[PDB]
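Chains as they are written, first to last, in the deposited numbering: chain A, 111 to 160; chain B, 4 to 538; chain C, 1 to 13, 22 to 100; chain D, 1 to 203; chain E, 13 to 157; chain F, 512 to 561; chain G, 10 to 60; chain H, 1 to 139; chain I, 1 to 79.
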Amino acid sequence: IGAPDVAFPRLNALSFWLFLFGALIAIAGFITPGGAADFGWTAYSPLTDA
Amino acid sequence: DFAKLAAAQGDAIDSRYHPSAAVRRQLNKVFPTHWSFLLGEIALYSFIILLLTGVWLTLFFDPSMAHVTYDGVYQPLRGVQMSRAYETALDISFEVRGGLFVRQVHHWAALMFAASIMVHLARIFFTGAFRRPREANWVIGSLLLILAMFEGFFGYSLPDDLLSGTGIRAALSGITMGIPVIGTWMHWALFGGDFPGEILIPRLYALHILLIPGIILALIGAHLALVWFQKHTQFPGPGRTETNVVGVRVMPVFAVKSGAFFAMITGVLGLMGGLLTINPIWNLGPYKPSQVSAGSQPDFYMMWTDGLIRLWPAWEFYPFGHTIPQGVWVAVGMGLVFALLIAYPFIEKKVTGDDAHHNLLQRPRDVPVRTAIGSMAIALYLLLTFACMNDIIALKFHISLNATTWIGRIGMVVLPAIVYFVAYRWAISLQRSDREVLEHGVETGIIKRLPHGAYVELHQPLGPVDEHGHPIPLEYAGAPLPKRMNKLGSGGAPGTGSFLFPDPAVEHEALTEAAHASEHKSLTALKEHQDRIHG
Amino acid sequence: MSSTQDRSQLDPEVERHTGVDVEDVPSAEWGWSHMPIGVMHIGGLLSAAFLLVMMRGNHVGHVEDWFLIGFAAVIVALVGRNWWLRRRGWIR
Amino acid sequence: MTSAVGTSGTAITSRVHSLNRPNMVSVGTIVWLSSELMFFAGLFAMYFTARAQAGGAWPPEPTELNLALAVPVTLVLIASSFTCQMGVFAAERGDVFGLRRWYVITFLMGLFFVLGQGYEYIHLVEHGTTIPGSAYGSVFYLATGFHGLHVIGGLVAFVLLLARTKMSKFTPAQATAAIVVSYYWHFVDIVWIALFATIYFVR
Amino acid sequence: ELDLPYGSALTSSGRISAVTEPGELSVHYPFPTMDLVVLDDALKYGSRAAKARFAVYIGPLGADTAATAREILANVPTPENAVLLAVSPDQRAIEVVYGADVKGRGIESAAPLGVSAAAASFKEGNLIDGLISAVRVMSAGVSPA
Amino acid sequence: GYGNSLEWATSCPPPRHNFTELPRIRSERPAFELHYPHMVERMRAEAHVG
Amino acid sequence: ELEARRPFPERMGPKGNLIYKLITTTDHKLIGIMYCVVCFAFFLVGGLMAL
Amino acid sequence: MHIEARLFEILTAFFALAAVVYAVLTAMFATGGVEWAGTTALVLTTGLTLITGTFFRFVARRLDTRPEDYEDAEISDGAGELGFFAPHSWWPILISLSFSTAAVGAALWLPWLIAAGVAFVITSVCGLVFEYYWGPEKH
Amino acid sequence: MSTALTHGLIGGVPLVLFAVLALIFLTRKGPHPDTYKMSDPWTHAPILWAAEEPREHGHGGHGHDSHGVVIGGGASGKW
Ligand SMILES: CC(C)=CCC/C(C)=C/CC/C(C)=C/CC/C(C)=C/CC/C(C)=C/CC/C(C)=C/CC/C(C)=C/CC/C(C)=C/CC/C(C)=C/CC1=C(C)C(=O)c2ccccc2C1=O
Ligand SMILES: CC(C)=CCC/C(C)=C\CC/C(C)=C/CC/C(C)=C/CC/C(C)=C/CC/C(C)=C/CC/C(C)=C/CC/C(C)=C/CC/C(C)=C\CC1=C(C)C(=O)c2ccccc2C1=O
Ligand SMILES: CCCCCCCCCCCCCCCC(=O)O[C@H](COC(=O)CCCCCCC[C@@H](C)CCCCCCCCC)COP(=O)(O)O[C@H]1[C@H](O)[C@H](O)[C@H](O)[C@@H](O)[C@@H]1O
Ligand SMILES: CCCCCCCC/C=C\CCCCCCCC(=O)OC[C@H](COP(=O)(O)OCCN)OC(=O)CCCCCCCCCCCCCCC
Ligand code: HEM
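Here's what the structure looks like:
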């Protein structure tokens with residue numbers, strides 16, 4: 111579009127780091143003894159409750 | 004007539020003695036006003052609070068293993084065999100007004116003492132406040148840190164407790180008794196016999212109220228005297244050279260701000276002693292060899308030694324009819340840690356080759372290898388400290404205990420290397436950022452050039468500008484550079500009225516003009532002094 | 001504009025004429041900036057050796073040994089890559 | 001450093017000249033608020049599903065809404081929105097201290113609203129209804145308490161913006177920051193109006 | 013004035029916005045990427061010790077070889093402290109030129125050594141290897157100002 | 512070659528702020544018009560033929 | 010009439026020039042590259058699960 | 001901003017139609033009447049796009065034709081002072097780390113860690129917002 | 001079915017296909033020009049290479065001026 115930068119260039123930096131760290135703590139389920147989430151990607155309700 | 008009384012007392016002092024010259028020297032002594040130079044003052048103030056609270060605690064503490072049934076006020080421990088040390092610690096907690104608060108603020112002051120010693124050590128190591136001069140100061144400071152560690156170790160072990168007695172049984176007994184040639188002999192000399200010997204707590208009480216604190220006081224006196232007469236080093240700056248101290252004199256400003264900082268530090272310690280519970284010995288039953296908990300950790304300053312014990316991989320050697328337990332491994336590890344810490348300045352000077360009398364600090368970025376090594380060491384220390392806490396880490400953060408142990412084991416050789424590489428590159432990139440700021444000016448908002456659609460950040464040079472737009476690059480001078488026009492004279496004059504209402508325009512203009520004049524005067528004074536020194 | 005340039009004369013004393029250069033580490037003259045590559049290579053090799061040696065222990069487990077093998081292998085691979093590249097003059 | 005390479009009296013200025021161009025900060029804030037509307041849409045969907053599956057008596061017998069305490073708080077939130085708009089007018093002008101006064105009273109009234117919501121929460125919990133206690137209790141608490149968290153975030157934004165105005169001179173940048181904070185507050189009060197009409201009147 | 017035969021246009025500013033067909037390259041240098049990298053490594057840090065801009069000119073330098081070498085050196089960004097080694101295989105000629113600041117730093121002594129290395133490598137049949145060898149020898153000979 | 516969308520009106524590693532220039536933006540292919548001015552008339556003539 | 014270019018472009022770059030950018034990156038171009046590398050790393054991690 | 005506003009106006013029209021038709025065809029011809037989840041979601045995404053489009057239309061009427069909106073607009077027309085775009089900053093990573101701490105505290109139900117993460121989030125958001133307003137240190 | 005057969009198949013068919021495709025594609029002449037032979041005439045345009053090694057005052061072009069060529073010696077050779 112011919113712009114020099116994004117509208118909020120510190121915000122898009124935050125977006126990447128939120129992605130990276132948010133992604134890591136989801137992967138972190140593996141290191142736990144139980145493992146990651148059993149329920150599929152969809153994570154249907156009754157199977158997901160406590 | 005307070006003025007008359009003060010004048011008469013001054014005349015009396017200067018007649019009985021003649022301290023005018025010495026007192027004037029002390030008052031005129033200049034101290035740099037860097038915040039990182041208050042880190043040692045934090046430790047000093049925490050030590051003073053420790054002394055003041057320790058006197059109060061000694062007025063009520065009874066060191067002895069003499070068994071007694073409580074028969075006190077705390078109901079959940081009544082009729083239970085306990086030592087007089089535990090009984091009187093419970094008495095301080097419950098049956099003495101403010102005793103719980105005093106012991107809690109004492110323990111919090113111990114924790115802050117250790118933490119501030121660690122932070123001060125980080126400051127000096129990373130800023131190079133130990134090379135050529137002050138190397139002996141660093142050495143005695145390392146001794147001081149070790150003494151503080153063991154002082155806290157004996158302190159929280161002083162009230163014979165389940166947790167602290169278990170910690171003693173682990174470290175003091177097992178490690179001491181595993182040492183090959185003289186281990187059992189040292190154990191028996193220290194404990195007057197087997198582990199539960201009836202003199203351990205009295206001996207630790209002596210060591211902890213008089214002997215070790217006396218040595219700490221003597222070494223703190225030596226430390227402060229050395230800092231006083233080997234004038235405090237300073238970061239590179241406008242008027243700061245290796246043969247001067249730029250800052251504020253002792254009397255008007257430094258003394259008042261140091262006293263205020265002492266007040267605020269003791270306020271933080273008192274607030275924590277009130278609001279945060281530290282070492283609930285009443286919850287921690289009396290020591291019994293058959294009883295134990297799952298936590299079993301020492302204070303955070305000995306947590307790295309405990310983590311070393313946990314992580315080291317159970318390597319035992321059995322010479323001819325003998326045993327060399329795994330305790331010797333951790334003992335030698337601690338010995339190496341302390342030897343390296345004490346001998347670093349001499350190790351650094353032998354390696355690099357610099358024996359020049361250094362009075363100007365160097366920013367940690369400006370010394371990539373040393374900041375990298377310090378980051379590596381801090382990473383190893385944090386790894387060990389969290390390894391000691393792997394039990395609670397595993398419990399709360401759901402990670403298998405074996406997984407935490409082996410994470411520590413692998414990391415203690417992987418994480419230090421990763422942190423070393425990252426810190427080295429980070430320091431070099433901070434240098435590169437400083438150089439880019441020097442050669443291009445500070446960054447600002449973007450502008451679209453008139454004829455064509457070029458985008459230029461519209462920098463702001465920090466030095467003389469060439470005939471054309473680009474400036475003459477400056478040379479790095481070892482001092483921080485302003486990377487935001489925020490921190491320069493740009494958008495910094497809000498209406499000086501108040502938070503809710505304005506002030507008259509005449510008053511606002513007078514105030515802002517006077518402030519601008521004062522800034523000009525300060526900057527001009529620094530510039531002229533710098534020119535006079537370097538010309 | 002409200003900032004004054006800094007003049008600094010720190011006492012110097022290796023003379024930095026060999027090792028690292030300002031183009032690589034801008035503040036080479038201002039502090040210790042060069043760690044000999046042999047030191048880091050030997051450190052990596054000894055770290056890998058320690059990881060491998062920790063396999064010998066009182067653990068009935070096996071994923072622990074495999075993690076040690078993997079970490080030692082990647083450490084040795086990094087050290088070998090660095091040594092080979094520097095031998096050839098930082099090629100490939 | 002003769003005078004400056006960037007001929008600006010503020011290290012930070014409006015991200016585009018708003019007189020002829022849209023305010024980027026305002027546009028981004030409006031879009032993000034439109035997304036928070038969908039967050040509250042998810043919460044509303046939860047509440048409405050629970051309402052539909054209720055067996056006629058939507059607020060169970062133990063629970064009983066307290067309009068006596070729910071009408072004053074919503075009225076106070078509307079008043080807070082009005083005072084926030086007055087502060088916006090001050091910010092559109094150069095009235096730094098007028099903006100500060102208006103936003104301070106807005107923050108005080110928002111804190112009063114939060115405290116009133118907490119009081120109603122305490123009363124409701126005492127009188128049976130609880131998040132685990134009932135589906136009505138849980139959906140009501142999720143909706144209204146997430147709104148309360150948003151109100152707390154707005155309060156934090158208010159105090160933070162006031163600190164910013166204290167520390168730097170008032171400029172179109174800070175005026176726009178106040179404007180977008182007011183946009184957030186208005187969105188919060190609008191979603192509160194929706195939640196009030198749904199929970200209490202519509203039931 | 014004429015831009016590249018196709019697809020290259022002068023822009024609002026001085027810069028010429030050029031294009032290349034999708035399948036083909038831009039540098040078109042007739043040397044392996046690795047050997048170009050090695051020569052660049054030489055010129056870059058094997059010459060950092062010399063602290064004098066080392067330059068290589070493979071193009072043909074005809075007529076009076078010395079004078080054409082002088083002016084192609086002039087074309088170097090900083091001829092003041094520069095050392096240009098020019099090789100014309102169309103003429104089987106080597107010419108080394110130096111800036112005024114590059115004097116008495118061992119450059120003059122290194123001149124025959126570098127030219128001899130280049131000539132030896134060329135008669136062996138390796139233009140790029142000869143260029144690298146000459147650059148190395150000259151950089152070793154030249155001392156920083 | 513024959514690229515468009517204005518991202519090809521700048522050096523392949525784009526300068527910080529994406530641009531030292533901006534071509535005359537007339538259609539959805541500013542860079543194509545920039546690099547092939549002769550096509551500018553052609554791109555309009557054949558546009559509607561489909 | 011001729012340009013003095015490098016034989017080859019800079020391969021990698023000086024030690025310590027990227028690490029601090031990544032932390033302080035505010036150029037969308039670098040962030041987009043960080044996205045691509047990090048996102049692709051998760052492709053390999055997530056893809057390894059499928060195997 | 002006519003086209004920018006009209007895009008959201010079109011989205012609002014479509015989403016309003018979808019919400020209305022879904023609500024009607026779910027109130028009647030569904031097993032249990034109105035679904036009350038899809039209906040609310042459609043209504044409030046209509047609200048999302050309606051808010052955005054209304055603001056864009058207000059701005060379009062408030063602003064004269066920008067060069068960006070104007071066909072046949074020369075580069076020089078828009079050439080001028082673009083506003084402040086934040087340069088390098090390390091506060092975003094700290095905000096992300098603080099929010100990750102709060103998130104793990106929520107996942108592993110650790111109220112202490114949730115409180116610490118929220119405190120860090122407040123601190124880092126304050127740092128980001130004040131980054132370009134912290135006046136020079138006054139000593 | 002034939003556990004060993006299935007394992008060998010899943011482990012080998014990817015390898016065989018990779019080898020075949022590498023032989024097809026990696027063994028094709030690249031776009032990089034072939035190395036210049038000394039015997040062949042020099043057809044490429046003149047190539048001036050420079051180190052970019054030292055610091056050059058300021059990056060700004062203006063102010064550099066043209067002090068002069070300031071020659072500082074010479075050399076010659078004929079392979
Ligand atoms: C020896 C050793 C290090 C073994 C490895 C075990 C270990 C520490 C693993 C990491 C712990 C974590 C972070 C678990 C969460 C799940 C996980 C691993 C997610 C992925 C990690 C990752 C790379 C995330 C990306 C973003 C990021 C950096 C997130 C970090 C999130 C966190 C938890 C930050 C804070 C770090 C932290 C406090 C870890 C626990 C350490 C300790 C000693 C806490 C002490 C402590 C405890 C244990 C209390 O119970 C408590 C109760 C009431 C008041 C106070 C406290 C208190 O202070
Ligand atoms: C229930 C119960 C028992 C509760 C009580 C708890 C308990 C047991 C004990 C704590 C109770 C108490 C007594 C708390 C307060 C402790 C205390 C003395 C605080 C003083 C701070 C205070 C009140 C300040 C008021 C504000 C004000 C006007 C300040 C300016 C005037 C003052 C007070 C100046 C004091 C200056 C000061 C800190 C002197 C310390 C003397 C010492 C030991 C060293 C001096 C010294 C310093 C301080 C350096 O920094 C230094 C740095 C480098 C080289 C050398 C030195 C050096 O020699
Ligand atoms: C200058 C000093 C400033 C210090 C301020 C002091 C803050 C005071 C906190 C609030 C008052 C404390 C009341 C004392 C009574 C009390 O203890 O408080 C519990 C609560 O406890 C919790 O959960 C935590 C609740 C979360 C809020 C408090 C978190 C404060 C932390 C963040 C402050 C310390 C700093 C740490 C930073 C760490 C972060 C690192 C990044 C409440 O009861 P309860 O909840 O039922 O306890 C359960 C047993 O029963 C049950 O067996 C047992 O199983 C448990 O479940 C237990 O919780
Ligand atoms: C958590 C982390 C663990 C804790 C870390 C703290 C311990 C201290 C840290 C690091 C020490 C090793 C440093 C690196 C040593 C460098 C070796 C070398 O090759 O020598 C080169 C030098 C430069 O000379 P140059 O004219 O600049 O020439 C440039 C040539 N490229 O030569 C010399 O003067 C010195 C030669 C001899 C040095 C001996 C130093 C060690 C003394 C024994 C103390 C124990 C060491 C424990 C190690 C962990
Ligand atoms: C020099 C640094 C010192 C440190 C790091 C330190 C540390 C500690 C710690 C952590 C405790 C445990 C308190 C508890 O568990 O409630 C303790 C106990 C104690 N300390 Fe110290 N202390 C120091 C100096 C002193 C001094 C100077 C005295 C005497 C004037 C003293 C007297 C005591 C006494 C009597 C106890 C027992 C209190 C109890 O059992 O609750 N300490 N010390």
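Cβ coordinates follow ideal geometry from the N, Cα and C atoms, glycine included.
Whose C-beta lies closer than 6 Å to the C-beta of H:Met-1 among residues of the same chain, with five residues either side of it excluded?
Around H:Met-1: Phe-56, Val-59 and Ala-60.
Could you say which of E:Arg-117, E:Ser-24 and E:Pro-72 lies nearest to I:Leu-48 if we only look at CA atoms?
The residue with the shortest Cα to Cα distance from I:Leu-48 is E:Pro-72.
As an exercise, report each continuous alpha helix (DSSP H) stretch of at least 4 residues that is fully enclosed by the region 121–188 of chain D, in chain order.
Here the runs fully enclosed are 135–167.
Is there a Cβ of chain H sitting closer than 8 Å to that of A:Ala-147, yes or no?
So no, A:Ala-147 is outside the interface.
Go through the region 38–116 of chain E residue by residue and report every complete run of the beta strand (DSSP E) that reaches 3 residues or more, in order.
Counting only runs of 3 or more, we get 65–69, 94–100 and 105–110.
Identify the contact partners of A:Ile-141 in chain B, using a Cβ-Cβ distance below 7 Å as the criterion.
By Cβ distance, chain B contributes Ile-402 and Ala-406.
How is B:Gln-533 classed by DSSP in three states: helix, strand or coil?
In this structure, B:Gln-533 counts as helix in the three-state DSSP scheme.
For ligand 1, any of its heavy atoms closer than 7 Å to the Cβ of B:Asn-393?
Flag set: Cβ of B:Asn-393 near ligand 1.
So which residues of chain H does F:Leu-533 contact, with C-beta pairs closer than 7 Å?
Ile-75, listed in chain order.
Could you tell me which whole alpha helix (DSSP H) segments of length 4 or greater appear in the region 21–52 of chain G?
Counting only runs of 4 or more, we get 28–33.
Run through the region 11–95 of chain H for me and flag every whole alpha helix (DSSP H) of 4 or more residues, listed as ranges in chain order.
Entirely contained in the region 11–95 of chain H, the alpha helix (DSSP H) runs reaching 4 residues are, in chain order, 38–62 and 75–78.
Counting only the same chain and skipping the five closest in sequence on each side, list residues whose C-beta sits under 7 Å from that of B:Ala-151.
Counting only Cβ-Cβ distances below 7 Å, and skipping sequence neighbours, we find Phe-116, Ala-117, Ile-120 and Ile-219.
Since B:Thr-169 and B:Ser-299 are thought to touch, with beta carbons under 8 Å apart, how far apart are those beta carbons, to the nearest angstrom?
Contact holds; Cβ gap of about 5 Å.
Please report the residue range of the alpha helix (DSSP H) in which residue 1 of chain B lies.
Residue coverage of chain B in this structure runs from 4 to 538, which leaves residue 1 of chain B outside it and unanswerable.
Show which residues of chain B have a CB atom less than 7 Å away from the CB atom of D:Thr-130.
Those do not exist, as D:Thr-130 stays about 26 Å from chain B at its closest Cβ, beyond 7 Å.
In terms of alpha-carbon separation, which member of A:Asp-159, A:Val-116 and A:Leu-128 lies closest to G:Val-47?
Comparing Cα-Cα distances from G:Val-47 to each of A:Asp-159, A:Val-116 and A:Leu-128, the minimum goes to A:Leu-128.
Looking only at its chain, what residues have a beta carbon closer than 6 Å to the beta carbon of B:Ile-212, apart from the 5 residues adjacent to it on each side?
Result list for B:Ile-212: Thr-61, in chain order.
Give a yes or no on whether the minimum CB-CB distance between A:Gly-132 and chain B is below 8 Å.
Judged by the 8 Å Cβ criterion, A:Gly-132 is not in contact with chain B.
I'd like the span of the beta strand (DSSP E) that includes H:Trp-112, first residue to last.
Here H:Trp-112 belongs to no beta strand (DSSP E); instead the alpha helix (DSSP H) covers 111–130.
Identify whether B:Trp-429 lies in helix, strand or coil by the three-state DSSP scheme.
Helix.
What does F:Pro-548 reach in chain E if we use C-beta pairs closer than 8 Å?
The contacting residues are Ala-21.
Given that a residue counts as buried once 16 or more other Cβ atoms are within 10 Å of its Cβ, and exposed if not, what is E:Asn-93?
Buried, because 16 or more other Cβ atoms sit within 10 Å of the Cβ of E:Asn-93.
Looking at the structure shown, is residue 1 of chain B part of a helix, part of a strand, or coil, going by DSSP?
Lying before the first or after the last residue shown, residue 1 of chain B is absent from chain B, which here runs from 4 to 538.
Using a Cβ distance threshold of 8 Å, determine whether the region 420–434 of chain B contacts the region 22–31 of chain G, with at least three qualifying pairs required.
With the cut-off at 8 Å, the region 420–434 of chain B and the region 22–31 of chain G touch.
First and last residue of the beta strand (DSSP E) that includes B:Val-71?
Segment 70–72, the beta strand (DSSP E) holding B:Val-71.
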